[PDB]
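To start, the structure under review is shown below, and the notes come after it.
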Amino acid sequence: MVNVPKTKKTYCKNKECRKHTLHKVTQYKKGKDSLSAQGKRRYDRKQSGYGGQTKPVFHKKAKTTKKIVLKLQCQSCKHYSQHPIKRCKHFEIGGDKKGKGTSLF
Amino acid sequence: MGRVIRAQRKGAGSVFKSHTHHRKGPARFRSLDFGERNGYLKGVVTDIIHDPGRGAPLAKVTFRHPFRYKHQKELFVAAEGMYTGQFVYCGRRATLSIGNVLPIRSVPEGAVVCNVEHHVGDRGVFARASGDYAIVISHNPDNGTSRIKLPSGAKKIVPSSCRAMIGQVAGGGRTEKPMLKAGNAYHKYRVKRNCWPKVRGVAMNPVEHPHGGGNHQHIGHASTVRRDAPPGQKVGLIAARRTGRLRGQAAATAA
RNA sequence: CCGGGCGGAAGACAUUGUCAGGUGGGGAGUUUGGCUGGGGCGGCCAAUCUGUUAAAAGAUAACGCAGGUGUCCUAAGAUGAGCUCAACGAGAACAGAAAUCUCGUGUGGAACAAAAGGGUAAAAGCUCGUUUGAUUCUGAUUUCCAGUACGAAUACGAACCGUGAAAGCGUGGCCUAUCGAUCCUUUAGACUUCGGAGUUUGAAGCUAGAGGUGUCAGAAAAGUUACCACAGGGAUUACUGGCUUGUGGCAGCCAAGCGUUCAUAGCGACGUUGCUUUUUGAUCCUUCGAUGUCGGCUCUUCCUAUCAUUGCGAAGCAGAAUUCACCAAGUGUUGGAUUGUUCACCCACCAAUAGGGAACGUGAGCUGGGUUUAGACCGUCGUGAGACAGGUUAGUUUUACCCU
RNA sequence: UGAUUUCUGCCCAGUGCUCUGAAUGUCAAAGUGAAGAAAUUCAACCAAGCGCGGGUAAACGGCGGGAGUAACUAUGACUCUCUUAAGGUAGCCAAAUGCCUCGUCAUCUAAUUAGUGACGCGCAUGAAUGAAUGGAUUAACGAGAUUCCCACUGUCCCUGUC
RNA sequence: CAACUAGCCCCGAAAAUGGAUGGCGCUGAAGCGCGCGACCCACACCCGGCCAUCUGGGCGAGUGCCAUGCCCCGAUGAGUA
RNA sequence: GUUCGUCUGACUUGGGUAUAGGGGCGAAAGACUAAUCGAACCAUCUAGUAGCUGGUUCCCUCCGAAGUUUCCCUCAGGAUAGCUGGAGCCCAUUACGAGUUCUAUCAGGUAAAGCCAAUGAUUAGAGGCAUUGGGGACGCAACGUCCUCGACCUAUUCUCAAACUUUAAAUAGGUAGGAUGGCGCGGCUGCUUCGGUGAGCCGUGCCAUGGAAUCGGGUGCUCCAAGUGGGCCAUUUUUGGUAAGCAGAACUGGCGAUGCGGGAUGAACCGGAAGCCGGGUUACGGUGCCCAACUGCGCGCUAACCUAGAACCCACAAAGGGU
RNA sequence: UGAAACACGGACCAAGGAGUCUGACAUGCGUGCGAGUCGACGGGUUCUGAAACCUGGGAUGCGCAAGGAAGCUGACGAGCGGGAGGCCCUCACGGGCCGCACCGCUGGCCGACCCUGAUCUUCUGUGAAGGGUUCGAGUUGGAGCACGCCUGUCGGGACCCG
RNA sequence: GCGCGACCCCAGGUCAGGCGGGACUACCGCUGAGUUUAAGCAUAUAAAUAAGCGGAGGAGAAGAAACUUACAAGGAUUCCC
RNA sequence: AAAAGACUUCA
RNA sequence: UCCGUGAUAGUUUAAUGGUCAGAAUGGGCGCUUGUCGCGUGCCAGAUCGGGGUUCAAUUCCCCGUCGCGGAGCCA
């Protein structure tokens with residue numbers, strides 16, 4: 001969507017900093033398994049391998065529009081707080097720089 | 001989906017079955033006591049009886065000798081050139097003349113035979129349809145194996161103990177010249193297990209047959225279906241290596 | 001003679017059983033939007049935005065108008081300071097119509113991401129400088145509105161920051177569009193619980209975010225049916241009638257021209273006013289728990305905008321053909337060839353072979369050839385089933401005796 | 001697919017199918033090894049299938065468009081250029097297949113939207129989706145479809161009588 | 001004498017089952033325009049009588065008892081779902 | 001019934017026998033399988049379901065709707081709000097309330113106007129003006145001159161706008177016109193003020209008909225439930241469409257929920273909402289007769305053989321012609 | 001929307017024939033008793049399916065709020081304006097006093113949520129104390145419970161029929 | 001071979017006796033739908049119900065804890081609240 | 001060895 | 001007609017991502033050649049008209065003209 005710096009200052013919510021300080025933006029996502037989840041429900045009520053409520057596949061739940069998907073992670077306590085709603089599509093990052101405008105050549 | 005298709009109807013039932021009872025009797029080969037150096041089991045051809053059940057003859061060979069446990073009688077497969085009152089010899093050390101049945105080992109290489117056993121005592125497996133014959137291709141002094149080139153052209157490893165009959169089977173040329181009636185075709189199929197007229201898949205309804213339906217006449221999809229495909233699915237030319245009209249050959253194994 | 005391994009083949013392979021992956025319309029169950037001038041085809045008026053329609057508060061629709069929305073941006077955000085633009089004139093090596101430079105004039109005629117419309121000038125623009133509030137919490141408030149959720153907006157509080165001399169201003173983009181339930185997962189909070197007690201993994205909770213449903217307040221869904229079925233519908237089609245008369249047909253007004261001459265014997269441009277339902281649509285008013293389609297065969301009545309004939313008025317009517325107008329439906333207005341076609345188009349007669357209506361007159365009067373069922377062939381379209389305003393063939397015509 | 005006679009061309013890109021092919025890729029369970037006290041987690045192996053390669057149209061089916069070029073003229077044998085899996089060949093054709101269409105025309109009849117034979121850039125023909133059947137007035141078989149001739153007759157002129 | 005203004009009448013103005021200012025008929029109208037009186041005339045309006053409903057009163061102190069009774073008011077009353 | 005296909009074979013036909021319901025059988029018509037076949041019949045599950053059609057049963061009284069808002073695989077229907085009734089609940093001419101006017105004060109960009117006001121369209125000239133749009137003539141040349149045709153510019157001129165407007169109505173629309181108010185006294189605060197400075201909110205005192213007009217055969221308030229959820233029409237305003245008894249809005253009244261009287265006749269127009277009656281009196285519309293009622297009075301016009309004329313809506317009608 | 005309808009049903013008549021009944025619910029109304037209330041599972045008993053008697057209760061309420069653990073643990077206790085009515089004064093008009101029902105509003109207190117954290121203390125407990133644009137079906141001076149009937153609501157064949 | 005007893009395995013129209021089917025209200029097992037509901041429909045609902053099948057009795061099943069609990073512990077089984 | 005084709009009249 | 005789809009050198013048709021357009025053949029010019037041809041070196045655009053957005057449009061939109069196909073019921 002937009003190159004937005006990987007280095008920003010932002011507030012810490014946690015009470016050992018509780019002020020603006022440097023934070024390095026990086027995404028962390030994982031996913032599930034431990035069986036204690038949806039997967040136990042699927043095992044019981046499949047009931048001959050019938051998929052049931054595991055399929056929302058047709059009628060697109062796939063669009064190319066997201067929101068912010070950012071977590072800006074503290075280099076002063078490493079606890080960090082999430083940021084509120086704004087629009088993305090993709091999201092550009094790389095180790096940033098600026099995306100500096102005004103071109104001479 | 002659809003109503004069940006005509007092949008599955010084989011199953012059981014008198015309607016799909018033939019009159020097997022009308023057929024004239026066993027085609028069996030009398031299981032050698034031992035020996036047979038000319039006439040230790042001596043058969044006499046007394047008739048050559050037509051078999052309606054394959055529309056080709058089996059020679060009636062009558063063995064008659066007593067004891068009580070003697071087992072005898074009935075129809076060995078006819079070969080060419082056989083006559084009534086000629087003696088038939090069945091066993092190990094039998095003389096090499098047409099119509100005699102003996103183990104394949106004692107028959108020399110390059111020799112035309114009719115009937116072979118696909119393991120001893122099953123009485124006749126390879127070449128039994130008219131004007132066809134196997135030719136025993138190789139032996140050597142091989143205890144284990146006699147190799148036979150079949151009328152399919154396949155070279156088959158089969159035990160040297162297995163019996164075969166000298167000559168080719170009789171009634172040859174049967175299928176070669178044309179019927180020239182629908183009615184002649186009917187009579188042959190009636191006597192054997194077949195239902196006579198072939199209705200095309202296109203002519204059938206879409207419910208009955210996959211190829212059916214459509215305003216104009218056509219088979220809707222590709223005829224060729226997989227061998228791995230299940231019963232019901234498996235239609236048309238099953239697992240065809242090629243189609244369209246040119247340059248195949250007989251079954252051609254190499255060794 | 002001796003050997004209880006019937007005798008061979010095959011041999012720990014096959015087989016059989018159970019899990020496991022694949023395959024599987026063969027068979028199973030099920031489904032295959034809505035709005036809608038019938039419904040399909042088509043379109044999105046499906047969730048939304050701008051100006052207008054909208055009849056000067058407000059509300060305010062149509063498949064109303066002209067368009068737009070699933071984006072774009074670390075600045076095009078935030079804040080301060082500096083500067084002033086669109087354009088034109090006059091000048092300035094090269095340089096012309098446009099180069100770059102200068103001054104004057106210059107209310108915005110520009111620029112502010114985008115659609116459109118507002119707004120805005122020592123700015124919100126344009127340039128520079130410093131920046132990160134495009135932040136943390138949890139309410140209220142405004143819109144849509146049930147005075148709901150949700151989104152988005154407003155302005156505060158409580159935090160912490162930023163900028164700038166500071167006062168101040170800042171909860172993203174100058175304003176109006178740019179977005180999303182419960183489940184489930186994911187992430188954060190080191191809190192709670194895992195229940196006979198602990199410890200530790202793991203798990204489950206609560207609070208606030210993310211992964212999303214575009215039929216956008218949020219089912220889990222592809223076709224065909226002329227082989228069809230059933231509940232209903234004239235809320236609704238194809239058909240008659242009715243309103244309408246664009247489209248069609250018929251008849252006027254004006255008169256520039258044509259007609260040797262001469263606008264008007266006969267015609268008549270560019271226009272323009274009527275009438276009719278003899279074209280066809282538009283409509284859905286009436287009928288779908290039932291008004292028998294089209295043509296022909298037959299027979300009637302009526303209509304006149306009269307083709308002929310009766311009797312007349314014009315004439316570029318010499319004779320005569322012929323052409324125009326009047327009263328007039330009294331009386332005629334045809335046979336065949338072909339096509340289901342009425343219509344059409346020929347042949348040929350003739351005084352004349354006018355045009356229209358009557359439930360698109362006319363099926364318990366007929367015929368059943370067309371349209372329009374079930375069989376079927378061909379072509380095209382379709383993976384297929386099937387479809388065809390494409391062709392082709394064969395295909396049940398019931399009941400009057402009641403009342404007028 | 002539909003007797004015979006005769007001929008059946010082009011294309012495996014697509015949809016299917018096939019294979020002593022793929023060489024170990026993707027890849028399941030059981031099983032195996034490692035870590036963790038373990039639950040569990042991860043790795044490699046992983047068949048068939050899939051991906052990959054070859055074969056295949058009497059399997060389904062498909063089987064091009066623009067231009068220019070003949071000394072009247074028109075048309076294009078001729079030739080280009082693009083493009084595809086391949087560009088409809090042999091044949092048949094206004095045909096039970098042609099919208100326009102009652103096509104233009106030789107046709108029978110006074111008159112024929114019907115029938116025939118040509119032409120056919122053929123809306124939308126075509127080779128077992130089977131095409132054709134040795135000029136033809138091109139025979140056979142059919143309660144078939146269609147057309148024309150002759151006999152015949154109340155089908156009609158024009159109705160009547162029993 | 002000419003050009004106009006606008007009344008009625010005439011033309012323009014032709015359809016089918018025969019036909020409709022509704023009809024007959026009407027010409028100093030019974031037509032058309034207009035004035036003036038008189039008059040006619042809806043379940044409307046008024047006055048009176050009367051019904052219920054609603055409203056406000058009133059009358060039980062017992063020992064005629066409806067006291068949810070009885071009596072005085074005035075206004076109101078269509079009516080589908 | 002007539003006419004007719006076949007009639008020595010793939011012939012005809014009987015009996016016995018086999019195959020049964022997602023099954024059979026089929027020289028294949030979705031044909032047929034005991035008057036039954038695109039899945040037989042029977043009983044059961046089953047008293048199955050159906051937003052849809054039909055019907056839905058005694059009376060009188062009083063009040064009395066709506067086809068609209070919002071959401072919906074929703075547009076033949078529900079939820080939702082509104083309308084409507086009931087049960088009341090609280091006071092009562094105290095009180096405040098009002099489809100209302102006035103007054104006074106706001107807001108508005110429609111009708112219209114405007115265009116020589118901006119923007120957009122658009123007609124016509126006229127008169128200027130060039131260091132560089134094009135021609136010609138006069139010139140060796142010019143920082144030359146004259147005609148010419150263009151641009152532009154200026155003052156004019158013409159005609160228009162839903163998506164133009166400086167301007168700009170009317171009818172509509174909002175607010176206020178007091179005791180739910182004002183004023184005096186003096187208290188508190190973490191607010192606000194560099195300051196008791198101020199703000200708000202408390203106790204206490206003073207001032208009535210008195211805050212335009214008018215009305216309230218009373219009003220205010222709360223709970224709960226039915227029906228409605230297809231509307232239709234006319235005047236006026238208005239969008240699409242040639243138009244339409246058309247489709248779709250805006251306002252209002254009706255019909256629906258409406259007879260009676262009038263328009264001959266007519267669901268919606270006109271008049272008026274209707275207890276039951278007598279008597280009076282009218283409306284609409286009439287008064288020649290039908291048909292109740294002046295063939296009354298007054299003053300004009302009309303003579304219609306190519307349709308005399310004769311009551312809104314409404315049953316049509318025009319350009320154009322007449323000594 | 002409109003039925004005389006060229007909409008649909010009905011020849012005529014008799015007799016059948018369709019909002020019921022229940023369980024669990026809301027409101028209304030009535031009845032009882034009332035910080036309780038509800039006998040009837042049961043037991044006693046009997047004139048015998050009854051009626052009479054009686055038990056501990058259990059259920060519901062009397063306090064709540066959280067997802068849960070739980071909660072100093074919910075007792076300090078409230079004002080204001082309009083208020084019927086009464087009281088007082090006044091001949092009355094009015095004035096003053098007390099003020100209910102009820103309504104509106106501003107606080108305090110409790111839980112959940114967030115801050116504040118004294119003295120103390122088995123070593124992290126404790127919760128005096130001062131607050132908060134958060135939130136609750138609370139306290140701030142309760143009302144229920146049982147029974148019944150109409151109507152509404154849901155499951156039931158469920159107004160009747162398809 | 002002959003194996004006393006017997007070992008192992010057969011046969012009696014065998015000696016005395018016993019089983020099938022019914023009933024199937026109710027009961028004890030087995031096995032097993034869909035309509036319906038979700039206004040659609042598959043997971044789910046209907047329902048561990050109807051259908052199908054077997055077997056007893058006047059009752060049947062159950063039955064003296066490899067239980068419930070977390071307590072100064074309850075205490076086979078059944079049914080009601 | 002494969003790159004080698006045309007070419008007016010009287011003549 | 002409705003919904004789609006193009007157009008670029010003389011001709012036939014490639015290409016771009018916004019600053020930029022090609023090839024082949026024909027033709028025009030030499031050379032090959034007795035002489036032409038094959039062959040061999042050389043050369044040559046309104047990217048349809050049309051506005052808009054935009055620094056800058058052949059390229060990204062919108063409209064229109066033309067040329068095409070494919071749909072258009074109960075007919």
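Labeling convention for the structure tokens: chains A, B, ... as they appear, residues from 1 per chain, ligands from 1 in order of appearance.
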Notebook entry, point to check: If we count only C-alpha atoms (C1' of nucleotides), which residues of chain H reach to within 12 Å of chain A? Please list them as a list in words.
Noted result: residues 41, 42, 43 and 44 of chain H
I need the residues from that last selection saved to file as a PDB file, in the first residue's frame (with N, CA and C atoms (P, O5', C5', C4', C3', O3' and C1' of nucleotides)), if you can.
ATOM      1  P     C H  41     -35.692 -27.245   3.286  1.00  0.00           P
ATOM      2  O5'   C H  41     -34.502 -28.223   2.934  1.00  0.00           O
ATOM      3  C5'   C H  41     -33.753 -28.220   1.720  1.00  0.00           C
ATOM      4  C4'   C H  41     -32.249 -28.322   1.993  1.00  0.00           C
ATOM      5  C3'   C H  41     -31.759 -29.069   3.241  1.00  0.00           C
ATOM      6  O3'   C H  41     -31.681 -30.462   2.949  1.00  0.00           O
ATOM      7  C1'   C H  41     -30.691 -26.999   3.123  1.00  0.00           C
ATOM      8  P     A H  42     -31.454 -31.513   4.103  1.00  0.00           P
ATOM      9  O5'   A H  42     -29.870 -31.568   4.187  1.00  0.00           O
ATOM     10  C5'   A H  42     -29.143 -32.640   3.585  1.00  0.00           C
ATOM     11  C4'   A H  42     -27.655 -32.572   3.974  1.00  0.00           C
ATOM     12  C3'   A H  42     -27.201 -32.326   5.448  1.00  0.00           C
ATOM     13  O3'   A H  42     -26.085 -33.176   5.797  1.00  0.00           O
ATOM     14  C1'   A H  42     -26.250 -30.727   4.120  1.00  0.00           C
ATOM     15  P     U H  43     -26.090 -34.165   7.034  1.00  0.00           P
ATOM     16  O5'   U H  43     -25.296 -33.477   8.194  1.00  0.00           O
ATOM     17  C5'   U H  43     -23.880 -33.411   8.194  1.00  0.00           C
ATOM     18  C4'   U H  43     -23.487 -32.511   9.357  1.00  0.00           C
ATOM     19  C3'   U H  43     -24.143 -32.598  10.762  1.00  0.00           C
ATOM     20  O3'   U H  43     -23.631 -33.674  11.552  1.00  0.00           O
ATOM     21  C1'   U H  43     -23.979 -30.367  10.106  1.00  0.00           C
ATOM     22  P     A H  44     -24.529 -34.545  12.523  1.00  0.00           P
ATOM     23  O5'   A H  44     -25.605 -33.574  13.147  1.00  0.00           O
ATOM     24  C5'   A H  44     -25.320 -32.886  14.362  1.00  0.00           C
ATOM     25  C4'   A H  44     -26.423 -31.874  14.666  1.00  0.00           C
ATOM     26  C3'   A H  44     -27.855 -32.357  14.964  1.00  0.00           C
ATOM     27  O3'   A H  44     -27.965 -32.819  16.314  1.00  0.00           O
ATOM     28  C1'   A H  44     -27.955 -30.580  13.466  1.00  0.00           C
TER      29        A H  44
END
Determine, counting only C-alpha atoms (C1' of nucleotides), which protein, DNA and RNA residues have an atom within 7 Å of an atom of residue 59 of chain D; residues of the same chain fewer than 2 positions away are not included. Present the result as a PDB file with C-alpha atoms (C1' of nucleotides), in the first residue's frame.
ATOM      1  CA  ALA B 222     -14.845 -38.830 -24.894  1.00  0.00           C
ATOM      2  CA  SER B 223     -15.541 -42.543 -25.321  1.00  0.00           C
ATOM      3  CA  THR B 224     -12.298 -43.629 -23.661  1.00  0.00           C
TER       4      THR B 224
ATOM      5  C1'   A D  57      -9.753 -38.622 -33.991  1.00  0.00           C
TER       6        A D  57
END
Note to self: Taking 5 positions as the minimum chain separation for residues in the same chain, which residues sit within 8 Å of residue 27 of chain A when counting only C-alpha atoms (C1' of nucleotides)? Answer as an MDAnalysis selection string.
What the structure shows: chainID A and resid 69:71
Next item on the list: Please identify every residue of chain A that has at least one atom no more than 8 Å from any atom of chain C, counting only C-alpha atoms (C1' of nucleotides), and report them as a ChimeraX atom specification.
Entry: /A:2-5,8-13,18-20,28-32,34,36-38,52-53,55-56,60-61,65,69,80-84,86,98-99
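What separates atom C1' of residue 132 of chain G from atom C1' of residue 158 of chain C is a distance of 8.8 Å.
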Could you go through chain A and tell me which residues DSSP, when run on the backbone, assigns to alpha helix (DSSP H), listing them as a PDB file with N, CA, C and O atoms, in the first residue's frame?
ATOM      1  N   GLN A  38     -11.249 -25.443  17.452  1.00  0.00           N
ATOM      2  CA  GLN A  38     -12.260 -25.842  16.506  1.00  0.00           C
ATOM      3  C   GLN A  38     -12.128 -27.286  16.093  1.00  0.00           C
ATOM      4  O   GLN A  38     -13.119 -27.909  15.725  1.00  0.00           O
ATOM      5  N   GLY A  39     -10.889 -27.841  16.120  1.00  0.00           N
ATOM      6  CA  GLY A  39     -10.549 -29.126  15.558  1.00  0.00           C
ATOM      7  C   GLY A  39     -11.187 -30.290  16.255  1.00  0.00           C
ATOM      8  O   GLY A  39     -11.450 -31.311  15.623  1.00  0.00           O
ATOM      9  N   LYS A  40     -11.460 -30.168  17.579  1.00  0.00           N
ATOM     10  CA  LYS A  40     -12.175 -31.172  18.335  1.00  0.00           C
ATOM     11  C   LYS A  40     -13.619 -31.242  17.902  1.00  0.00           C
ATOM     12  O   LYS A  40     -14.180 -32.328  17.773  1.00  0.00           O
ATOM     13  N   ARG A  41     -14.245 -30.066  17.649  1.00  0.00           N
ATOM     14  CA  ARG A  41     -15.614 -29.943  17.193  1.00  0.00           C
ATOM     15  C   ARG A  41     -15.805 -30.615  15.856  1.00  0.00           C
ATOM     16  O   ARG A  41     -16.804 -31.297  15.637  1.00  0.00           O
ATOM     17  N   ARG A  42     -14.817 -30.440  14.942  1.00  0.00           N
ATOM     18  CA  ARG A  42     -14.784 -31.050  13.633  1.00  0.00           C
ATOM     19  C   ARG A  42     -14.687 -32.548  13.720  1.00  0.00           C
ATOM     20  O   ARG A  42     -15.362 -33.241  12.970  1.00  0.00           O
ATOM     21  N   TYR A  43     -13.849 -33.084  14.641  1.00  0.00           N
ATOM     22  CA  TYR A  43     -13.649 -34.507  14.830  1.00  0.00           C
ATOM     23  C   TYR A  43     -14.930 -35.202  15.244  1.00  0.00           C
ATOM     24  O   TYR A  43     -15.245 -36.280  14.743  1.00  0.00           O
ATOM     25  N   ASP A  44     -15.687 -34.597  16.185  1.00  0.00           N
ATOM     26  CA  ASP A  44     -16.888 -35.187  16.729  1.00  0.00           C
ATOM     27  C   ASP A  44     -18.017 -35.173  15.732  1.00  0.00           C
ATOM     28  O   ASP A  44     -18.692 -36.185  15.551  1.00  0.00           O
ATOM     29  N   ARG A  45     -18.253 -34.011  15.077  1.00  0.00           N
ATOM     30  CA  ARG A  45     -19.494 -33.755  14.383  1.00  0.00           C
ATOM     31  C   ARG A  45     -19.349 -33.818  12.891  1.00  0.00           C
ATOM     32  O   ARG A  45     -20.337 -33.609  12.192  1.00  0.00           O
TER      33      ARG A  45
END
Shell of 12 Å around residue 51 of chain D, only C-alpha atoms (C1' of nucleotides), local chain residues under 3 positions omitted, as a PDB file with C-alpha atoms (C1' of nucleotides), in the first residue's frame:
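What follows is the written file out_38.pdb:
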ATOM      1  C1'   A D  22       8.691 -39.920 -15.376  1.00  0.00           C
ATOM      2  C1'   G D  25       9.840 -34.051  -7.175  1.00  0.00           C
ATOM      3  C1'   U D  26       5.091 -33.231  -4.823  1.00  0.00           C
ATOM      4  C1'   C D  27       3.387 -36.934  -1.489  1.00  0.00           C
TER       5        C D  27
END
